[PDB]
């Protein structure tokens, strides 16, 4: 019950985006253990579906509160709760397309639920690219580098991502993020890693395009002594 978070919370998701001119809105709700960096997100496309681009590109847009932080690493994110935090991210794929996303994370103590406001925009996905051809299956597990920006008291994210393709090829992407606490940080953490594992399961049917995302993230430092 620290900072407004419990070992078993819920979340509500709302995302509005536009990719190469195609507008869309996504409604969702999930649950997870902010302390074990584990969450189950359930999303449904209410507007724009069926999406003309691969839904995998949106995955990383839907919450560092769900990160397991050991005692040795300051937890900037939970530290700024229940107020929440905001982040801004961009990424260019190896084929020129670039996307940017922003989200506002707010914790509602009364409901023991987290409210996620998501924004996503992308441009220039090649017509014959794996994204427009829906040939992606999952983001390969990664190791994100979290750097502290002292002067301004915020964090920077740097992670090389690979979107695995059905044809076995790898689609490289560079995540560059800025994490801002909605509350003046009293203590800034040192640099550290955050390994992630994000999986997508298509739950689509004749009526709706929907899917589930399971994210497992955990912080740490150099494995080397």
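Residue numbers count along the first chain shown, from 1.
The stretch of deposited sequence separating residue 62 from residue 63 contains 1 to 3 residues lacking coordinates in this entry.
When the mean C-alpha temperature factors of 106-114 and 141-149 are read from the deposited coordinates, 106-114 comes out higher.
Of the two segments examined, 184-192 and 53-61, it is 184-192 that shows the higher average Cα temperature factor in the deposited entry. You'll see in the entry that, of 19, 11, 217, 213, the Cα B factor peaks at 11.
Set against one another, the Cα B-factors of 83, 101, 135, 97 in the record reach their highest point at 83. Per the PDB record, residue ranking by Cα B-factor puts residue 42 in the middle third of the chain. The deposited CA B-factor of residue 168 belongs to the middle third of values across its chain. Sort the modelled residues of the chain by CA B factor and residue 123 lands in the lowest third.
Sort the chain's modelled residues by C-alpha temperature factor and residue 160 lands in the lowest third, per the entry. For residue 69, the recorded CA B-factor ranks within the highest third of the chain. Only modelled residues enter the ranking.
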